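Enquirer: Below is one structure. I have some questions about it.
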Amino acid sequence: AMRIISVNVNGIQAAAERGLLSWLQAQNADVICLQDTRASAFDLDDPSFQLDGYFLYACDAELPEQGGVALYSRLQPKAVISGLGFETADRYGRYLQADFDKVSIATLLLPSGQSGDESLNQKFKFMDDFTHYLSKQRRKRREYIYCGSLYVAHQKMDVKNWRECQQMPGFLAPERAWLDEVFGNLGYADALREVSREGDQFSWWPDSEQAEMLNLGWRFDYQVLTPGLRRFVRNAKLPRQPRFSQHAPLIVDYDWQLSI
Amino acid sequence: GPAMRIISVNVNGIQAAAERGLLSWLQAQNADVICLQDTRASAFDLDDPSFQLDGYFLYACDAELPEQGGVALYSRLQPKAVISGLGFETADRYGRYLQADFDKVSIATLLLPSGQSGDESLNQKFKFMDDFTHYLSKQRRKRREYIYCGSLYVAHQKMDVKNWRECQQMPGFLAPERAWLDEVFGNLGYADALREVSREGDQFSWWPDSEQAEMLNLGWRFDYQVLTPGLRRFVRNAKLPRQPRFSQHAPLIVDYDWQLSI
Amino acid sequence: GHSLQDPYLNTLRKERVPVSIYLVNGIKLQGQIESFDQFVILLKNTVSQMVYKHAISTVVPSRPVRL
Amino acid sequence: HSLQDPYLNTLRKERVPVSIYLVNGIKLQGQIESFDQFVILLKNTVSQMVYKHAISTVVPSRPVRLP
Amino acid sequence: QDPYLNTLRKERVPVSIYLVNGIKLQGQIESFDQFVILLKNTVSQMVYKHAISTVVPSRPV
Amino acid sequence: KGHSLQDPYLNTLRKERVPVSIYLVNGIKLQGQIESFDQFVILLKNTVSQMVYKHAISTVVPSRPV
Amino acid sequence: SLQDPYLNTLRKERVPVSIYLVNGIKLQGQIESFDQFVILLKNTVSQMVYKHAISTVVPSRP
Amino acid sequence: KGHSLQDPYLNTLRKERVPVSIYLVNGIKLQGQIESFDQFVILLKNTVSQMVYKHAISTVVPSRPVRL
Amino acid sequence: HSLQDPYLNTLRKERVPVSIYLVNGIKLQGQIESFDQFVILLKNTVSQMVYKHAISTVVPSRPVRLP
Amino acid sequence: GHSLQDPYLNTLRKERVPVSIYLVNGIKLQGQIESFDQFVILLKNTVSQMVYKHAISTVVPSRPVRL
Amino acid sequence: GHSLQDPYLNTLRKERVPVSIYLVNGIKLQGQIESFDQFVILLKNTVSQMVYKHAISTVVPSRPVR
Amino acid sequence: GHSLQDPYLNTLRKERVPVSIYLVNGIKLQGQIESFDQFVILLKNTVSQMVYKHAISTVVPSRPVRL
Amino acid sequence: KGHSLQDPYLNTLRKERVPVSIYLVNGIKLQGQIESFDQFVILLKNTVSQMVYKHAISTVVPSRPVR
Amino acid sequence: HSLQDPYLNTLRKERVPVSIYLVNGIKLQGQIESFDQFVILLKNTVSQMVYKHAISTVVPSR
């Protein structure tokens with residue numbers, strides 16, 4: 001087995017009050033990649049967030065409310081690294097990576113880009129910087145699993161009424177083109193769309209009860225994995241959890257097992 | 001109405017069954033499916049047209065050694081396909097598994113080792129049970145309903161065996177076996193047809209060779225048609241005729257609402 | 001050329017050894033080879049489905065047979 | 001040469017309903033109308049031209065006997 | 001092989017091709033050869049012969 | 001002979017330098033421009049000078065009509 | 001072709017090789033014999049495979 | 001082979017012994033350098049030799065710009 | 001009325017396998033379990049209600065004689 | 001009403017004239033007419049096939065007929 | 001009922017205007033209407049078939065009639 | 001009579017709005033609505049062609065019009 | 001009796017002006033919001049006033065599940 | 001009628017996913033919400049009401 005959980009909690013505190021800690025504790029998994037901690041590493045040090053039988057790793061942004069990402073693993077990773085050299089990355093700890101034998105996973109959290117124009121500019125900046133870094137991450141032997149919420153949909157199949165969202169951030173032409181270039185040209189794939197080419201599957205919908213009723217979801221979570229692991233995809237699922245997190249948990253299993 | 005009588009008998013050697021005229025009772029009991037576990041003979045031995053029932057297709061996988069085990073399976077209608085083996089040595093090397101596909105349903109024949117002969121047999125049984133729960137967690141993952149016609153050689157509850165206080169140490173009620181079966185049933189959601197249709201005690205299948213045990217009805221319910229809950233609702237009834245015991249296990253008779261088809 | 005697969009398959013067919021042809025898609029095909037020719041082998045399944053070589057990948061016999 | 005052509009010609013003459021499975025595993029159905037060295041015509045409601053290089057096996061719904 | 005596809009092309013029948021990867025292609029046959037089939041649908045979406053699995057015309061010929 | 005239709009199409013795409021998107025049999029989209037071609041090879045110029053074998057090319061979709 | 005030198009060298013030295021198929025499943029075992037159409041692995045079962053569905057043959061030891 | 005554009009490419013990849021990244025259809029990547037090639041095989045020298053087949057190679061992406 | 005009821009009753013009692021054609025031209029198969037004055041329930045593996053508004057022609061595979 | 005259907009069908013069935021009934025889907029159905037009633041017509045051909053009136057478009061006698 | 005259909009059909013019959021009837025299926029019919037009723041209709045062509053009104057879509061005469 | 005159907009047709013007639021009648025099959029019919037009656041509609045154009053009500057699928061006036 | 005279900009449902013869909021994507025039996029996809037209807041004709045409002053007959057409609061697909 | 005009502009009611013009382021085929025050959029599978037002499041609602045992504053006269057065959061999943 002080889003499970004991976006992705007829950008952009010948008011605040012580990014709200015996650016705790018919503019019962020995310022108990023759900024993850026009950027949810028038997030190998031690695032858990034929650035995003036947007038909205039708290040300092042010292043806050044994550046609170047044993048309440050420490051899941052029984054899992055390690056604690058977290059990198060906080062310069063400003064807690066800005067972001068922050070954490071990573072829980074069942075076995076001691078070979079090494080944990082944070083940052084990518086970019087200001088938009090280092091100054092906010094939006095990237096944290098653990099190292100295991102043969103495969104090393106990472107936790108990515110892109111800026112929403114929907115708050116303001118400056119957020120969209122930062123999004124474009126981080127996108128170009130990240131595709132550059134990944135170009136530098138081509139011939140690298142170690143296979144990767146960039147588990148992160150990219151705040152962008154690849155195809156219309158990933159979001160309904162695209163006609164209305166075409167101009168709204170998250171589905172704009174340049175972001176979709178960047179994602180397509182990152183996926184196809186560079187040989188990267190996705191476990192879900194590979195194992196299950198089924199529409200209507202989303203992760204992030206408005207907290208508004210109306211959108212939840214009519215299910216206005218935007219697929220923002222993606223299990224970006226190097227082509228080496230593409231062959232070892234078991235199955236993907238997007239549970240419709242009752243408002244536990246804006247980004248619904250993204251659980252995927254893999255045929256390839258892990259090792260220290 | 002839509003009915004389907006699946007029959008299963010652990011002949012413990014097709015030769016002893018033929019001696020008791022089992023083939024006649026089977027040809028007269030024209031039903032949908034008939035399974036004969038523990039053939040104790042090679043396929044070439046089963047190739048004798050005497051064993052072949054009129055209107056059925058003979059399929060059987062023999063162990064490495066004929067007297068070791070082997071399982072056969074008659075089918076009123078030609079199954080879609082028949083396959084043998086499970087990938088495990090304890091299964092392939094002994095032909096303890098044989099499946100016959102049909103349509104949206106695959107009636108499989110399982111043969112767990114008795115584990116009553118020696119300690120090594122019980123260790124092999126534990127290993128086979130572990131590998132079998134693994135194969136259940138890995139196979140059911142593929143879209144399909146399974147009917148596991150298998151002699152598990154294990155009694156689940158005290159209701160499946162009298163004077164259990166004397167059978168605690170006897171194989172079939174051992175703590176690990178009971179725990180494994182309870183996990184397979186509840187944790188995985190699998191059920192049994194007979195208990196579902198009738199939660200009646202004193203109903204058993206295996207009886208000791210000792211005539212006194214058969215007289216006082218000291219029997220064990222070792223055979224279970226563990227099936228996906230999808231088909232569980234479509235069980236009509238179950239029966240365990242107390243006819244002259246045709247083999248170490250008794251005739252397990254069950255009728256379903258489903259009707260198999262090519 | 002083609003001097004090795006011919007005797008191998010002919011021996012597998014003569015003794016009627018149960019082979020498990022694993023297709024390129026990861027599907028099992030348990031049966032006995034009834035015959036074989038160019039771009040085709042004939043299984044002995046209940047229906048004797050005709051398979052194509054280009055699709056076949058492996059031919060493993062359940063019991064190890066001698067050449 | 002010696003097996004494929006006679007088998008397919010018999011399937012065509014007898015018009016046996018065959019079930020073809022693609023290399024990917026997709027299950028198809030229909031009767032064999034005409035054979036070819038590189039392709040086949042499977043008439044099932046709408047005649048579909050299937051390529052031989054994409055045929056995994058040919059499952060006849062009815063047992064067939066070679067001549 | 002050649003006559004069937006030639007008739008499909010000349011008669012301008014709406015063709016839908018399922019590739020070996022399963023992709024359901026749609027378009028009209030523009031021109032074909034030994035190892036190429038030009039599919040006219042908005043753009044000249046060329047398709048190789050080795051990758052074609054089934055050719056599904058909308059109506060028999 | 002073999003590429004009576006493939007050769008002219010590929011040569012026109014090359015001369016016009018139309019940005020094409022090659023879809024592989026594996027389903028991986030490959031955007032770029034056709035640099036050169038032959039019997040069973042096509043050179044795609046992009047961020048990385050790529051060489052895609054013809055036998056593994058499912059479809060090509062030029063972004064503009066030709 | 002360089003395929004035959006490689007294969008017959010592995011056969012003479014009987015090096016345990018790991019063969020990857022087009023699907024990707026990893027096979028293991030020595031190579032007993034080979035021709036232009038098929039390979040006869042020396043595995044416990046000696047599973048025979050045709051040459052039209054091979055990916056890469058690599059020896060576990062240099 | 002009539003035009004043989006693959007031949008100059010492989011020859012320049014081998015002569016300079018550039019680090020190649022031969023992708024396969026299954027999805028795995030093979031790092032190394034082309035030692036030699038023929039019609040159906042290519043030799044990758046990564047500690048040990050790899051008999052990667054031609055018909056299984058999806059794309060060849062050299063990590064080193066090769067002028068030609 | 002005078003012709004539909006006896007025909008349907010005979011087809012039902014005799015269990016003749018009929019080949020119900022659809023208005024679109026598709027040829028279906030299966031046995032009839034019970035008919036109604038506006039719809040018929042034809043069973044093929046599982047019951048499948050067929051609307052008379054979508055039936056073009058019902059051809060019994062076996063000759064039948066009216067009562 | 002229905003004053004012309006009755007005599008037409010009676011003359012068609014009494015003389016036993018083959019009619020190439022062009023189905024609504026475009027298929028032509030040859031053979032004579034056995035009987036007829038309210039929204040139902042029986043066919044005289046290989047088998048007593050039932051034809052629904054609501055699915056019939058044109059009934060062509062081909063041969064000259066009068067009434 | 002048929003306040004407009006009956007006069008139109010009777011006038012077409014009296015003036016024997018050759019009318020072309022196009023069925024919903026697309027097939028083409030030709031021939032003047034000899035007689036008609038509330039359902040079927042008699043034709044003038046060599047075969048003189050009985051067309052069904054439920055299958056007729058349009059009736060275009062060769063000459064406009066009052 | 002009808003609640004809106006007959007008033008709608010009368011309004012379409014009063015101003016002779018050019019209406020394009022669409023057939024269930026898919027073909028279009030140009031020309032203004034000359035007259036109308038239950039089960040029939042007369043069209044004004046090059047010829048006094050009559051369309052059948054049961055065959056019409058959608059009636060779209062060339063200009064937005066209200067009852 | 002005959003309009004106990006479709007009438008209030010369609011009235012609610014109309015009042016809620018939910019964007020509808022109506023599908024014709026021919027398979028064409030129309031869009032808009034129903035503004036009025038009675039018993040044999042449905043009036044759809046959009047860029048161009050459209051009148052659709054009920055006997056030709058296959059499904060009425062709103063953009064939101066109405067209660 | 002006498003046959004359609006009870007069978008169509010049991011097809012929902014037992015939660016049987018019903019698949020209906022349109023005359024054009026289009027297939028839709030969903031749970032029936034309510035039915036009438038001319039309308040039958042099929043639970044899908046949205047409440048897609050279907051006209052009885054447009055349904056060709058009703059093939060339930062079980």
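Letters A, B, ... mark the chains of the structure tokens in the order given; residue numbers begin at 1 per chain; ligand numbers begin at 1, in order shown.
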What is the Cα root-mean-square deviation, to one decimal place in Å, for chain I superposed on chain D with all Cα atoms matched in order?
Expert: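 The root-mean-square deviation of C-alpha positions is 0.6 Å.
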Enquirer: Contacts from chain H to chain G, 8 Å maximum, only C-alpha atoms: show me the residue list as a PDB file with C-alpha atoms, in the first residue's frame.
Expert:
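Dumped everything to part-v3.pdb:
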ATOM      1  CA  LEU H  24       9.636   4.857 -22.403  1.00  0.00           C
ATOM      2  CA  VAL H  25       6.003   4.286 -23.322  1.00  0.00           C
ATOM      3  CA  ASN H  26       5.245   2.678 -19.957  1.00  0.00           C
ATOM      4  CA  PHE H  37      22.807   1.484 -31.255  1.00  0.00           C
ATOM      5  CA  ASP H  38      21.548  -0.573 -34.180  1.00  0.00           C
ATOM      6  CA  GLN H  39      18.039  -1.061 -35.602  1.00  0.00           C
ATOM      7  CA  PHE H  40      16.064  -2.250 -32.557  1.00  0.00           C
ATOM      8  CA  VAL H  41      18.294  -1.600 -29.510  1.00  0.00           C
ATOM      9  CA  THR H  47      27.035   1.564 -14.247  1.00  0.00           C
ATOM     10  CA  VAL H  48      25.587  -1.462 -16.061  1.00  0.00           C
ATOM     11  CA  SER H  49      24.356  -1.682 -19.635  1.00  0.00           C
ATOM     12  CA  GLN H  50      20.649  -1.466 -20.475  1.00  0.00           C
ATOM     13  CA  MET H  51      19.171  -3.204 -23.531  1.00  0.00           C
ATOM     14  CA  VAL H  52      16.379  -0.678 -24.014  1.00  0.00           C
ATOM     15  CA  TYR H  53      14.350  -1.569 -27.100  1.00  0.00           C
ATOM     16  CA  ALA H  56       9.496   1.024 -26.453  1.00  0.00           C
TER      17      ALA H  56
END
Enquirer: Using every Cα, in order, as the fitting set, what is the least-squares RMSD of chain J against chain L?
Expert: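 My reading of the C-alpha RMSD is 1.1 Å.
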Enquirer: One decimal, Å: what's the distance from CA of residue 8 in chain J over to CA of residue 40 in chain J, could you say?
Expert: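 Between CA of residue 8 in chain J and CA of residue 40 in chain J the gap works out to 14.6 Å.
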Enquirer: Which chain L residues are at most 6 Å from chain K (counting only C-alpha atoms), as a ChimeraX atom specification?
Expert: /L:37,47-52,55
Enquirer: So the first atom is CA of residue 18 in chain A and the second is CA of residue 247 in chain A; what is the distance between them in Å, to one decimal place?
Expert: 13.4 Å
Enquirer: Counting only C-alpha atoms, a student should be able to say which residues of chain B come within 8 Å of chain C; what is the right answer, written as a PDB file with N, CA and C atoms, in the first residue's frame?
Expert:
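Written file, part39.pdb:
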ATOM      1  N   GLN B  78     -22.466 -23.653 -19.345  1.00  0.00           N
ATOM      2  CA  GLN B  78     -21.061 -23.380 -19.596  1.00  0.00           C
ATOM      3  C   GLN B  78     -20.671 -22.031 -18.991  1.00  0.00           C
ATOM      4  N   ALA B  81     -15.732 -18.457 -18.198  1.00  0.00           N
ATOM      5  CA  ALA B  81     -14.338 -18.873 -18.212  1.00  0.00           C
ATOM      6  C   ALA B  81     -13.997 -19.487 -16.864  1.00  0.00           C
ATOM      7  N   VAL B  82     -13.035 -20.406 -16.878  1.00  0.00           N
ATOM      8  CA  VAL B  82     -12.577 -21.098 -15.680  1.00  0.00           C
ATOM      9  C   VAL B  82     -11.093 -20.813 -15.503  1.00  0.00           C
ATOM     10  N   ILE B  83     -10.699 -20.471 -14.279  1.00  0.00           N
ATOM     11  CA  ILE B  83      -9.316 -20.153 -13.955  1.00  0.00           C
ATOM     12  C   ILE B  83      -8.940 -20.861 -12.663  1.00  0.00           C
ATOM     13  N   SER B  84      -7.648 -21.135 -12.512  1.00  0.00           N
ATOM     14  CA  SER B  84      -7.116 -21.802 -11.335  1.00  0.00           C
ATOM     15  C   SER B  84      -5.921 -21.028 -10.794  1.00  0.00           C
TER      16      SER B  84
END
Enquirer: Can you pull out every residue within 12 Å of residue 231 in chain B, counting only C-alpha atoms, but drop anything in the same chain fewer than 2 positions away, and send it as an NGL selection string?
Expert: (:B and (104-107 or 144-148 or 190-193 or 196 or 225-229 or 233-236 or 256-260)) or (:N and (62))
Enquirer: So that I can check the secondary structure, give me every residue of chain D assigned strand (DSSP E or B) by backbone DSSP, as a VMD selection string.
Expert: chain D and resid 18 to 22 27 30 to 35 39 to 44 46 to 51 55 to 60
Enquirer: List the spatial neighbours of range 81-93 of chain A as a list in words - criterion: any atom at most 7 Å away, only C-alpha atoms, same-chain residues fewer than 4 positions off excluded.
Expert: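 Neighbouring residues, sequence-local ones excluded: residues 59, 60, 61, 62, 67, 68, 69, 97, 98 and 126 of chain A.
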Enquirer: Would you give me, as an NGL selection string, the residues in chain I that DSSP reads as alpha helix (DSSP H)?
Expert: :I and (4-14)
Enquirer: Which residues, written as a PyMOL selection string, have at least one atom at most 12 Å from range 5-9 of chain F, with only C-alpha atoms counted and residues fewer than 3 positions away on the same chain left out?
Expert: (chain E and resi 30-38+44-49) or (chain F and resi 1-2+12-18+34+36-42+54+60+62+65-66) or (chain H and resi 3)
Enquirer: Please identify all polymer residues within 9 Å of residue 30 in chain I, counting only C-alpha atoms, omitting same-chain residues fewer than 2 positions from it, and present them as an MDAnalysis selection string.
Expert: chainID I and resid 17:20 28 32 42:45
Enquirer: Near residue 8 in chain A, within 10 Å and counting only C-alpha atoms, which residues show up once chain neighbours fewer than 4 positions away are dropped, as a ChimeraX atom specification?
Expert: /A:12,15,33-37,69-70,109,148-149,203-204,220-221,245-250
Enquirer: For the residues selected in the previous step, produce a file with N, CA and C atoms as a PDB file, in the first residue's frame.
Expert:
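And here is the file that came out, out-v5.pdb:
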ATOM      1  N   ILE A  12      -5.105  25.372  10.573  1.00  0.00           N
ATOM      2  CA  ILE A  12      -5.115  24.114  11.314  1.00  0.00           C
ATOM      3  C   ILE A  12      -6.036  24.206  12.522  1.00  0.00           C
ATOM      4  N   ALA A  15      -9.504  23.498  11.427  1.00  0.00           N
ATOM      5  CA  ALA A  15      -9.503  22.062  11.178  1.00  0.00           C
ATOM      6  C   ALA A  15      -9.697  21.289  12.477  1.00  0.00           C
ATOM      7  N   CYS A  33      -0.425  15.564   3.991  1.00  0.00           N
ATOM      8  CA  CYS A  33       0.109  16.850   3.545  1.00  0.00           C
ATOM      9  C   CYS A  33      -0.980  17.912   3.679  1.00  0.00           C
ATOM     10  N   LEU A  34      -1.114  18.467   4.880  1.00  0.00           N
ATOM     11  CA  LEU A  34      -2.027  19.581   5.088  1.00  0.00           C
ATOM     12  C   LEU A  34      -1.325  20.897   4.772  1.00  0.00           C
ATOM     13  N   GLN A  35      -2.101  21.864   4.288  1.00  0.00           N
ATOM     14  CA  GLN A  35      -1.566  23.130   3.812  1.00  0.00           C
ATOM     15  C   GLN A  35      -2.241  24.285   4.538  1.00  0.00           C
ATOM     16  N   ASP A  36      -1.621  25.458   4.435  1.00  0.00           N
ATOM     17  CA  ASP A  36      -2.150  26.689   5.014  1.00  0.00           C
ATOM     18  C   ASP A  36      -2.383  26.524   6.515  1.00  0.00           C
ATOM     19  N   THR A  37      -1.286  26.256   7.227  1.00  0.00           N
ATOM     20  CA  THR A  37      -1.367  26.075   8.671  1.00  0.00           C
ATOM     21  C   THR A  37      -1.879  27.335   9.358  1.00  0.00           C
ATOM     22  N   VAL A  69       2.815  25.540   5.918  1.00  0.00           N
ATOM     23  CA  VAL A  69       2.490  24.179   5.515  1.00  0.00           C
ATOM     24  C   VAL A  69       3.130  23.207   6.496  1.00  0.00           C
ATOM     25  N   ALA A  70       2.454  22.081   6.716  1.00  0.00           N
ATOM     26  CA  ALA A  70       2.940  21.032   7.597  1.00  0.00           C
ATOM     27  C   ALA A  70       2.885  19.694   6.874  1.00  0.00           C
ATOM     28  N   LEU A 109       1.820  24.719  -1.918  1.00  0.00           N
ATOM     29  CA  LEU A 109       0.635  25.541  -1.675  1.00  0.00           C
ATOM     30  C   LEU A 109       0.803  26.845  -2.449  1.00  0.00           C
ATOM     31  N   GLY A 148       0.074  19.124  -3.882  1.00  0.00           N
ATOM     32  CA  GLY A 148      -0.230  20.509  -3.582  1.00  0.00           C
ATOM     33  C   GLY A 148      -1.505  21.022  -4.219  1.00  0.00           C
ATOM     34  N   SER A 149      -2.079  22.069  -3.629  1.00  0.00           N
ATOM     35  CA  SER A 149      -3.258  22.736  -4.178  1.00  0.00           C
ATOM     36  C   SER A 149      -2.772  23.851  -5.095  1.00  0.00           C
ATOM     37  N   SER A 203     -12.912  19.709  -5.384  1.00  0.00           N
ATOM     38  CA  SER A 203     -12.358  19.713  -4.036  1.00  0.00           C
ATOM     39  C   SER A 203     -12.711  21.000  -3.303  1.00  0.00           C
ATOM     40  N   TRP A 204     -12.651  22.129  -4.002  1.00  0.00           N
ATOM     41  CA  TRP A 204     -12.869  23.443  -3.406  1.00  0.00           C
ATOM     42  C   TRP A 204     -14.135  24.054  -3.998  1.00  0.00           C
ATOM     43  N   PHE A 220      -8.816  22.224  -7.390  1.00  0.00           N
ATOM     44  CA  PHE A 220      -7.561  22.913  -7.131  1.00  0.00           C
ATOM     45  C   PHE A 220      -6.457  21.999  -6.621  1.00  0.00           C
ATOM     46  N   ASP A 221      -6.795  20.811  -6.133  1.00  0.00           N
ATOM     47  CA  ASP A 221      -5.814  19.868  -5.618  1.00  0.00           C
ATOM     48  C   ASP A 221      -5.383  18.914  -6.724  1.00  0.00           C
ATOM     49  N   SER A 245     -13.257  20.919   5.419  1.00  0.00           N
ATOM     50  CA  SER A 245     -12.243  21.809   4.874  1.00  0.00           C
ATOM     51  C   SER A 245     -12.720  22.328   3.527  1.00  0.00           C
ATOM     52  N   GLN A 246     -12.396  23.591   3.239  1.00  0.00           N
ATOM     53  CA  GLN A 246     -12.743  24.167   1.945  1.00  0.00           C
ATOM     54  C   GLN A 246     -12.273  23.266   0.811  1.00  0.00           C
ATOM     55  N   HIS A 247     -11.014  22.838   0.864  1.00  0.00           N
ATOM     56  CA  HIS A 247     -10.470  21.873  -0.088  1.00  0.00           C
ATOM     57  C   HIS A 247     -10.768  20.478   0.448  1.00  0.00           C
ATOM     58  N   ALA A 248     -11.696  19.782  -0.198  1.00  0.00           N
ATOM     59  CA  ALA A 248     -12.069  18.453   0.258  1.00  0.00           C
ATOM     60  C   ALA A 248     -10.836  17.549   0.289  1.00  0.00           C
ATOM     61  N   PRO A 249     -10.725  16.646   1.262  1.00  0.00           N
ATOM     62  CA  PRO A 249      -9.556  15.760   1.310  1.00  0.00           C
ATOM     63  C   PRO A 249      -9.384  14.987   0.010  1.00  0.00           C
ATOM     64  N   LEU A 250      -8.140  14.896  -0.447  1.00  0.00           N
ATOM     65  CA  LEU A 250      -7.784  14.182  -1.670  1.00  0.00           C
ATOM     66  C   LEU A 250      -6.942  12.976  -1.269  1.00  0.00           C
TER      67      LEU A 250
END
Enquirer: Please report the interatomic distance between CA of residue 1 in chain J and CA of residue 59 in chain J in Å with one decimal.
Expert: 19.2 Å
Enquirer: Find, counting only C-alpha atoms, the residue in L:23, L:42, L:60, L:67 that gets nearest to residue 25 in chain M.
Expert: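 That would be L:23, the residue with the smallest distance to residue 25 in chain M.
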Enquirer: Find, counting only C-alpha atoms, the residue in D:33, D:27, D:46, D:54 that gets nearest to chain I.
Expert: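 Looking at the shortest contact to chain I, the residue is D:46.
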